[PDB]
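Enquirer: show me how the following folds:
(one chain, ligands or ions: 4)
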Amino acid sequence: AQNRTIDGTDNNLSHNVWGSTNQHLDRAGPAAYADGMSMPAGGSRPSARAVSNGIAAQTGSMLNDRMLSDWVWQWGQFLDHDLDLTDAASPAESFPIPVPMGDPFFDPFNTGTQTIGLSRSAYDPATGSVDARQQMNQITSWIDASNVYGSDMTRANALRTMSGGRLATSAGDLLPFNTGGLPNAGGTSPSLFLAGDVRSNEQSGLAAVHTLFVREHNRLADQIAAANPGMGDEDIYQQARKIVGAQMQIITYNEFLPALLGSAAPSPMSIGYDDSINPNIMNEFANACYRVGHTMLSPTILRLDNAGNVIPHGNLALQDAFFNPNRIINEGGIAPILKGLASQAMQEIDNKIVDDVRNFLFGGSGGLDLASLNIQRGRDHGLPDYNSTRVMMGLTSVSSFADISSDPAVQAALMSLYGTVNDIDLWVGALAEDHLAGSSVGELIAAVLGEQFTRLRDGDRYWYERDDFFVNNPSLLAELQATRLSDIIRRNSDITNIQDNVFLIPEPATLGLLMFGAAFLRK
Ligand code: HEM
Ligand SMILES: [Ca+2]
Ligand SMILES: [Ca+2]
Ligand SMILES: [Mg+2]
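Expert: Numbering: from 1, shown residues only. Ligands and ions are numbered 1, 2, ... in the order given. Coordinates below:
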């Protein structure tokens with residue numbers, strides 16, 4: 001059958017570049033650069049770090065109220081790494097975040113001169129001088145498992161064995177090592193994993209789900225070859241790839257979005273192929289509204305055995321999970337994490353980000369604040385303010401801080417940071433909204449996510465329901481439709497006791513009762 005390109009071209013048969021690598025991020029409406037060119041938006045607002053301090057600071061654990069597991073954010077990130085990537089422009093354009101004088105984490109010597117580093121995002125070089133700067137998406141916009149296969153044929157080929165349609169692995173059926181020194185977040189070291197997306201080593205949970213899908217690909221490839229001998233490597237590879245790409249769509253629209261968006265989730269079925277849809281990820285989605293992962297993040301990733309015990313090498317502190325393959329290689333493999341993610345409730349969706357990523361220090365000595373980066377990134381990308389974005393999406397504009405949040409502490413923080421509802425950073429406003437009834441997000445986030453996911457459903461010629469391969473093999477289409485993330489976890493690991501919907505935490509008594517007779521209580 002027809003197969004997707006690796007680069008996302010030739011999906012839309014008129015604008016063939018649409019959805020492909022290196023396309024512009026779309027915009028919902030006009031950019032808000034101060035000068036209409038490249039000068040950052042939000043130049044009247046406080047420091048991104050002052051905003052982080054004033055509204056994202058979290059002193060205690062705050063569980064979500066909809067029973068959602070850590071799988072919601074882990075899938076969210078994995079799927080993000082299928083949708084969009086924008087690295088730094090080169091030559092580097094520095095746009096540092098001023099640290100408030102006396103900031104207890106980043107300026108404890110009261111210098112008044114500390115910054116958090118940020119280089120401005122890559123953009124189309126034909127933009128940003130005489131017209132608005134348009135940032136580039138460096139992976140395929142399509143939900144096509146480019147996070148497994150790569151977004152260029154060179155990397156895609158590097159990931160393959162070229163025998164039996166398979167993807168390379170390392171010892172213990174783990175991701176292959178980057179021995180060829182291809183581009184990779186964390187650098188070109190051969191001791192880092194190589195996956196379809198360059199960010200796979202970012203943290204161990206991400207790496208674990210990347211590994212899972214390499215396992216699933218190889219299972220499919222082996223079984224296809226077994227059932228259909230005489231088929232060549234290329235044919236087996238493309239068939240397994242097409243099944244895995246369909247799985248990404250099915251899990252995303254049937255499990256993840258219903259979990260996160262709830263009442264606001266878009267239909268999991270396409271209304272039909274609309275080739276007029278721009279599938280290029282929207283800047284305001286990629287670089288604000290879909291960055292709702294950071295507020296969900298838990299301080300620890302649980303690592304559990306089949307009895308629900310913490311494994312001997314302990315749970316994994318989020319900070320210990322960054323750019324370190326050994327957490328998987330030497331501390332129990334992927335199975336404990338896959339189970340663990342299903343077994344803990346994520347943090348609430350709100351302005352608050354855990355200290356583990358808001359105040360990640362490397363040694364005073366500098367470090368990482370994901371809240372500050374997100375805020376500055378939205379100013380780098382010329383994103384419209386929160387309220388303008390509401391109007392861009394056909395929502396009413398707010399006219400008071402009470403219109404944003406019914407929490408008086410959130411109201412007060414927004415007031416004392418911004419002074420007017422019309423100059424709030426999109427990411428901050430979006431996360432400040434009261435949640436829709438039956439949802440874990442507010443109206444703006446619902447609308448922006450709803451829009452993006454509607455486009456990628458109806459705008460993709462290889463949306464799985466209309467791929468000739470699945471149309472011509474209805475039994476496979478049906479088996480795909482009945483496939484959940486838990487099924488993939490189970491058949492590619494040694495996990496025996498996991499709930500069928502890994503996006504929802506299990507009944508409170510589950511771990512205790514499974515532990516009975518085998519409980520390890522010293523962890
Ligand atoms: C441990 C978990 C996570 C880590 C460590 C992490 C880290 C990062 C970092 C460092 C960036 C770049 C920040 C910047 O300089 O602008 C980023 C970007 C992003 N993150 Fe997160 N993130 C996590 C979870 C999530 C989740 C759960 C989601 C979505 C549900 C998400 C969505 C995004 C998106 C959309 C971007 C922009 C991606 C691009 O287009 O380049 N992240 N993440
Ligand atoms: Ca993709
Ligand atoms: Ca939170
Ligand atoms: Mg070949």
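
Enquirer: pretty sure residue 47 is in contact with residue 103, am I right?
Expert: No: look at residue 47 against residue 103 with Cβ atoms under 8 Å: they stay out of range, at 9.6 Å. From N, CA and C alone the C-beta is placed, and that goes for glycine too.

Enquirer: contacts only, for residue 278.
Expert: 18, 26, 455, 459 (Cβ atoms under 8 Å, 6 or more residues apart in numbering).

Enquirer: and the residues you listed, which is closest to residue 140?
Expert: Residue 140 lies nearest to residue 18 out of the contacts of residue 278, by Cβ to Cβ, at 10.6 Å.

Enquirer: excluding chain neighbours, what is closest to that closest one?
Expert: residue 12 (4.2 Å; Cβ to Cβ, 6 or more residues apart in numbering).

Enquirer: phi, psi of the residue lying closest to residue 378 once chain neighbours are set aside?
Expert: Closest residue in space to residue 378, ignoring its immediate chain neighbours: residue 288 at 5.0 Å, by Cβ to Cβ, 6+ apart. Note on residue 288: backbone dihedrals following degrees, to the nearest 10 are phi -150, psi -70.

Enquirer: and residue 288, how far from residue 164?
Expert: According to Cβ to Cβ, to the nearest Å, residue 288 stands 43 Å off from residue 164.

Enquirer: of those two, which one has the most company?
Expert: In this view residue 288 and residue 164 are compared by other Cβ atoms under 10 Å, and residue 288 has more residues nearby, 29 against 17.

Enquirer: ok, that one to residue 72 distance?
Expert: 19 Å.

Enquirer: what does residue 54 give?
Expert: Counting by Cβ to Cβ, the gap from residue 54 to residue 72 is 27 Å.

Enquirer: please apply the same query to residue 302.
Expert: 14 Å.

Enquirer: could I get the longest helix belonging to the chain in PDB with only the CA atoms?
Expert: The longest helix of the chain (DSSP state H) is helix 204-227. Extracted in PDB, the C-alpha atoms of helix 204-227 (Å, rounded to 0.1, in the frame of the first residue of the first chain):
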ATOM      1  CA  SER A 204      14.000   8.000  32.000                       C
ATOM      2  CA  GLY A 205      10.200   7.800  31.600                       C
ATOM      3  CA  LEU A 206      10.500   9.200  28.100                       C
ATOM      4  CA  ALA A 207      13.300   6.700  27.200                       C
ATOM      5  CA  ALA A 208      11.100   3.900  28.700                       C
ATOM      6  CA  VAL A 209       8.200   4.700  26.400                       C
ATOM      7  CA  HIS A 210      10.500   5.100  23.400                       C
ATOM      8  CA  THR A 211      11.900   1.600  24.300                       C
ATOM      9  CA  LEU A 212       8.400   0.100  24.600                       C
ATOM     10  CA  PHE A 213       7.500   1.100  21.000                       C
ATOM     11  CA  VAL A 214      10.800  -0.200  19.600                       C
ATOM     12  CA  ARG A 215       9.900  -3.500  21.300                       C
ATOM     13  CA  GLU A 216       6.400  -3.300  19.800                       C
ATOM     14  CA  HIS A 217       7.700  -2.600  16.400                       C
ATOM     15  CA  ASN A 218      10.000  -5.600  16.500                       C
ATOM     16  CA  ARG A 219       7.200  -7.800  17.800                       C
ATOM     17  CA  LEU A 220       5.100  -6.800  14.900                       C
ATOM     18  CA  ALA A 221       7.900  -7.100  12.400                       C
ATOM     19  CA  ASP A 222       8.800 -10.600  13.600                       C
ATOM     20  CA  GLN A 223       5.200 -11.800  13.600                       C
ATOM     21  CA  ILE A 224       4.500 -10.300  10.100                       C
ATOM     22  CA  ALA A 225       7.600 -12.100   8.800                       C
ATOM     23  CA  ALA A 226       6.600 -15.300  10.500                       C
ATOM     24  CA  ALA A 227       3.000 -15.200   9.100                       C
END
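
Enquirer: so what does that helix touch, helix or strand wise?
Expert: helix 71-83, helix 146-149, helix 233-251, helix 326-329, helix 335-341, helix 485-491 (3 or more Cβ pairs under 8 Å, 6 or more residues apart in numbering; DSSP states H and E).

Enquirer: can you put these in TSV and add distance to residue 360?
Expert: TSV is the format used below for the helices and strands packed on helix 204-227 (distance: least, Cβ to Cβ, whole Å):
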stretch	distance to residue 360
helix 71-83	16
helix 146-149	24
helix 233-251	29
helix 326-329	16
helix 335-341	20
helix 485-491	29
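
Enquirer: coming back round to it: can I get the contacts of residue 278 in TSV with distance to residue 327, secondary structure and neighbour count?
Expert: Shown next, in TSV, are those (distance: Cβ to Cβ, whole Å; DSSP: H, G, I helix; E, B strand; the rest coil; neighbours: other Cβ atoms under 10 Å):
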residue	distance to residue 327	secondary structure	neighbour count
18	38	coil	22
26	36	strand	20
455	36	helix	22
459	38	coil	23
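
Enquirer: of those residues, closest to residue 313?
Expert: residue 455 (42.8 Å).

Enquirer: and for the closest residue to residue 116 other than its chain neighbours, the neighbour number?
Expert: Distance criterion Cβ to Cβ, 6+ apart; nearest residue to residue 116, sequence neighbours excluded, is residue 97 at 4.2 Å. When counting by other Cβ under 10 Å, one arrives at 22 neighbours for residue 97.

Enquirer: same deal with residue 382?
Expert: 27.

Enquirer: and for whichever residue of the stretch 251-400 of the chain sits closest to ligand 2, the neighbour number?
Expert: With Cβ to the ion, the shortest gap between the stretch 251-400 of the chain and ligand 2 falls at residue 281, namely 9.2 Å. For residue 281, the neighbour count with other Cβ under 10 Å is 28.

Enquirer: correct me, but it touches residue 28?
Expert: No: if you go by Cβ under 8 Å, residue 281 and residue 28 don't touch, sitting 11.4 Å apart.

Enquirer: contact residues of the stretch 351-500 of the chain facing ligand 1?
Expert: 370, 373, 374, 377 (Cβ under 6 Å from any ligand atom).

Enquirer: ok, now which ones touch the closest residue to the first one other than its chain neighbours?
Expert: With sequence-adjacent residues excluded and distances taken as Cβ to Cβ, 6+ apart, residue 370 is closest to residue 357, at 4.4 Å. With contacts defined as Cβ under 8 Å, 6+ apart, the neighbours of residue 357 are 294, 297, 318, 368, 369, 370, 371.

Enquirer: at 7 Å instead, please
Expert: Residue 357 makes contact with 294, 297, 318, 368, 370 under the criterion Cβ atoms under 7 Å, 6 or more residues apart in numbering.

Enquirer: what about the residues you listed, which are in helices?
Expert: Per DSSP H, the contacts of residue 357 map to helices at 294, 370.

Enquirer: so which of the contacts of residue 357 is the most crowded?
Expert: Neighbour max across these (other Cβ under 10 Å) = residue 297, 23 neighbours.

Enquirer: measure it to ligand 1 for me?
Expert: 5 Å (Cβ to the nearest ligand atom, to the nearest Å).

Enquirer: how close does that residue sit to residue 374?
Expert: Taken as Cβ to Cβ, the span from residue 297 to residue 374 is 12 Å.

Enquirer: once you drop chain neighbours, what's closest to residue 454?
Expert: Using Cβ to Cβ, 6+ apart, the nearest residue to residue 454 is residue 266, at 5.1 Å.

Enquirer: wait, that neighbour sits on residue 452?
Expert: No: the criterion here is Cβ atoms under 7 Å, and residue 266 misses it with residue 452 at 9.4 Å.
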